[PDB]
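All remarks here apply to the structure that follows.
All heavy atoms count here, side chains included; hydrogens, waters and symmetry mates do not. Proteins come first, then strands; the chains are lettered A, B, ... in the order of their sequence lines, and each starts at number 1.
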4 protein chains.
Amino acid sequence: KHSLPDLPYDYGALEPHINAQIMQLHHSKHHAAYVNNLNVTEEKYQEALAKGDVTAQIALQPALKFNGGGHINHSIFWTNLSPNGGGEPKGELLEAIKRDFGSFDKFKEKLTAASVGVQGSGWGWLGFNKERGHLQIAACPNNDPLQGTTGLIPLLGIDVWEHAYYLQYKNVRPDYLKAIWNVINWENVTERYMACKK
Amino acid sequence: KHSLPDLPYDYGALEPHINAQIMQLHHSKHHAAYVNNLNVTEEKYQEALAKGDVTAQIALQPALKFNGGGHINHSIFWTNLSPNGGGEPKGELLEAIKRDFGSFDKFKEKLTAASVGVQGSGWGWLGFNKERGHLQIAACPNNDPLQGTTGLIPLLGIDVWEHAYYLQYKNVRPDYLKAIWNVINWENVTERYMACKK
Amino acid sequence: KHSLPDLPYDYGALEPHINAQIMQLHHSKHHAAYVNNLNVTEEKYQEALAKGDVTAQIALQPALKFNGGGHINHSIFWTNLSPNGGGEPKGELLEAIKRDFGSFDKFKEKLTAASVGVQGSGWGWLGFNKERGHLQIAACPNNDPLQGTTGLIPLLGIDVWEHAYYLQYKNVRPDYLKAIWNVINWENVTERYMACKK
Amino acid sequence: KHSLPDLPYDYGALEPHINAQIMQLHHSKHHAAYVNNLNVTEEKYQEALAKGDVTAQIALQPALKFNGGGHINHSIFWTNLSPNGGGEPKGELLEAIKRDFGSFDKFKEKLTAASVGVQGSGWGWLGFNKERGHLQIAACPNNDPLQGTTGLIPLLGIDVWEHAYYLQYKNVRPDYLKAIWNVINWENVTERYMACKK
Ligand SMILES: [Mn+2]
Ligand SMILES: [Mn+2]
Ligand SMILES: [Mn+2]
Ligand SMILES: [Mn+2]
C-alpha cells in the first residue's frame, strides 16, 4: 500500500552537482528497498496487532522506524531538489530565514555544520517549530524521521549518508554540501513553509 | 483487549520480604496504568496503521514499548513469586544452573550484580538463549521486554525500579535483592524452563 | 577532588512540601554516592589517560556520565529549592518567561508536562539557549546533565526519579510537582539567568 | 600520542576483492582523521580533568568514543586482512568455531547475517567471551569499539560502513561480504584467540 514515488526530474537533471549514477542508485536501489521492507514490516505489524502480541510488536520497531523513516525522508528529499532550482528563497521564507539565523548566508553555514556534524549515517534539516513559530536546524541519525521523532515540520532536508555522495565526492562531505546548494528547489521549501502557519 | 492479571496470592502474602503496601501500589497503581496506556496506544496504532500514517506510527513507539513492556514484565513477575516459594530449584533446572554458572550460589551472585548494576530504572533477568541452548543473565532498561529486545526467553525476572522496593528498603537495593530470594516460586521458573527445550 | 555540598537549609526545612526523611536520604545516600563514584571513576580515567588505553577510557564513560551528572544535577537542585517562598519571579526572568512561554502559569504547566512525561528515571529542566538567545524546556534521562548533553544552561531543575518523591507522594508524581512550586528559590534561578549575562 | 599504523601490505594488495582506491581513501583519509581527532579530544580531556570540569568531560564523550573507537576498530581491521589466503583456520580456533557455531560455514553465515543486518553504519564481529569461555558474534553501531562497549574481546571484524565497499560493490553489501572471506588473515585471528590465552 506504500509505493516508490517518481522523481520530478531525470537522473541526470541535477548534474554536475549530483552525479546521475548516484541519483539512480539512490532512487532505484536504496529508496526502492525501504518502501519494500516497510510494506512487509507494516503488514507483519497488523498480524501482531491482530493477535495482541506485544512482543512481536515491540520486536518489529527498529525495522518500522528505519524503513518507515527512509521512505518519508527520501520522498521529501527528491522534491526539495530541482534542475530549475538554486540560489535563495523569496517573500515570507526569505524574511524568516533572515530574522531567525541572521541572514541567508548564516543559515547555510548553520545547516552545513549540522549536516557535516553527523557522525555515522544521518540527515540535516531546516524545520519549523510550531510551539513558538520559528525555523529550526536539526540533525537526525540513520533514517529517523524529523517530524516522527522531534515534532518539527520538515522543510528542507540534506541526506548526509555516505551513499548520497561517496561515488562522486568520496570522503569529502563538505564539498558535497557546497555543491548541493545549487539544486535546492526553494519553491518547494516555500510551499512547505506556507502550510505551517496555517 | 489487554487486562490486568490477578495476583496468584494476596498483597500481604510475600511478607516480610515484600511489604504488602508495595505489593498493592505495584499491582493496582503501577501495573494498572501500563495495561490502560497500552490499550489506548495499541488502539491509536490501528488508526495510524489503517491510514498508512508512518509518522503517527513511529511517534507512538516509545509509548507502545514502555506500556507494552511494563505489562509483559509485571505479568511474569507476579508468577515468579509465591508465599510457598523459596530456596532452590530441582531436576533439569538445577542441573543447568549448576552447569552454566558454577553452582546455584554463583548464579544468585551473578543475578544480584546484574540487578544492582542497573543505573536508573530497569530489570534483572535469568533467561534462556535458544541459539546454543544455555541459560543467560541479562539486564534491561526501564520497561524494555527481555524477549522483545534481546530474544532471550524470560524465566525469572527481578524488578529493580525504585518503586519495587523504596518504601520498605529505601536506597538499599542490595538488601531488597537478599530478601527477595525467599519468595521465588521456582516451580514457575521450572515450568518456563521446560517449555524452551521443546 | 569533588565534595558533597551541605544543604543550603535544614533537612526538614521544605516541609510540608518535601519531607525530611526524603531530603536526608536523597542527599546523604544518593548524592553522597555520586560524588564518591565520580571521584573514583575520575581517578581511574587519569590512569587510563596516562596509559594509551582508549578501551578503558570508553568503558568508564557510563560511570562518569551517571555519577558525574548525578553530582551536577543534584548540586543545582538544592539551590533551586528554598524554605523561603515559591510564587512568582520578578524582573528580567519573569519577562523572558512571558516572552517565551506566553505567561508564568503556561510555563508552569509546560515544565510539569515535561517532568511528568519522563518514562523511567530523569529530570525536567528550564534552561537558557545561548545560540538562540531564549529560554526553553527540556527532559533528561537518568542523570544525564543538561549542559553537557544539550548545550542548554540549566536554570531550574526538577528531579523526577522515584527516590525524589515516593516515600511521600507514592505513585502520584503530579502531586509532588504541585507542591514543589511552593519551595522554588526564584532568587537562585534569576541569578543563574543573569549568569549567562544579559 | 596516538599514531596511524602503516598498512601491513600494499593498497592494491587485496584486489580483486577490495580495490586499491577504497583502501587508500579508507586508511589515509578516514582512519587518518580518527587518530587526529582522537589525539585532540584526548588533549582536551586532560585539561578538563586537571580542572574540575565534569560538564566538559561529558561533552567530549561522543568525540572520544567515535574517534577513539574508529582508531581501535580500523587498526585491528587491517590486521584481519591479508593478500595471503582466506579459506579455513586451523587448530584450536577452528575447533572452537565448530563447538560454538556448529561448523565453519555456519559461523561464516551467522557473521554475514550480523554484518548485513546493520542498519546504518557499524561493524560485525567475532569475539571471545572471557566470562562464559566461548566465542560469540556481535554487531556495533558507528565506531563503537567491541571490548569497550561489550566486554567481548575482538578476533575478526568486518567494517560495514558504506565507505568500506561502495566505490566497488555499490549498494550490494552481500557481495562485499562474499569477497572478503578470500582475504581474511586467519593467522592473525588465531593469535588474537590465543591472546586471551587458552
Ligand atoms: Mn539516502
Ligand atoms: Mn515495577
Ligand atoms: Mn535524585
Ligand atoms: Mn571504516
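- For the pair B:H30 and C:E162, the tightest heavy-atom approach, listed with the atom from each and the gap, is NE2-OE2, 3.7 Å.
- Here the CD-OG distance, from B:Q119 to C:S121, works out to 10.5 Å after rounding to the nearest 0.5 Å.
- Environment of NZ in B:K98: crowded, with over 12 heavy atoms of neighbouring residues, nucleotides or ligands closer than 6.0 Å.
- Atom NZ of C:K51 sits in a sparse spot, with 12 or fewer heavy atoms from other residues, nucleotides or ligands closer than 6.0 Å.
- Of the residues listed (C:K29, C:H26, C:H163), the one engaging B:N171 in a side chain to side chain contact (heavy atoms under 4.5 Å, CB included) is C:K29, and it is the only one.
- Only the side chain of B:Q21 comes within less than 4.5 Å of a heavy atom of chain C; its backbone N, CA, C and O stay farther away.
- Contacts of B:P62 with chain C are made by both backbone and side-chain atoms, with heavy-atom separations under 4.5 Å.
- Contact count versus chain C (heavy atoms, under 4.5 Å) is highest, among B:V172, B:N142, B:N67, for B:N142.
- Counted within 6.0 Å of CG on B:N182, heavy atoms from surrounding residues, nucleotides or ligands total more than 12; the atom is thus considered enclosed.
- Taking a 6.0 Å sphere around CD of C:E109, one finds it holds more than 12 heavy atoms contributed by other residues, nucleotides or ligands.
- Counting non-hydrogen atoms of neighbouring residues, nucleotides and ligands closer than 6.0 angstrom, the NZ atom of B:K110 exceeds 12 such neighbours.
- Remark: C:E43 CD is packed, more than 12 non-hydrogen atoms of other residues, nucleotides or ligands lying under 6.0 Å away.
- For the atom pair CD1 (B:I22) and NZ (C:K170), the distance works out to 10.5 Å, reported to the nearest 0.5 Å.
- Both the backbone and the side chain of C:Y166 come within contact range of chain B, with heavy atoms under 4.5 Å apart.
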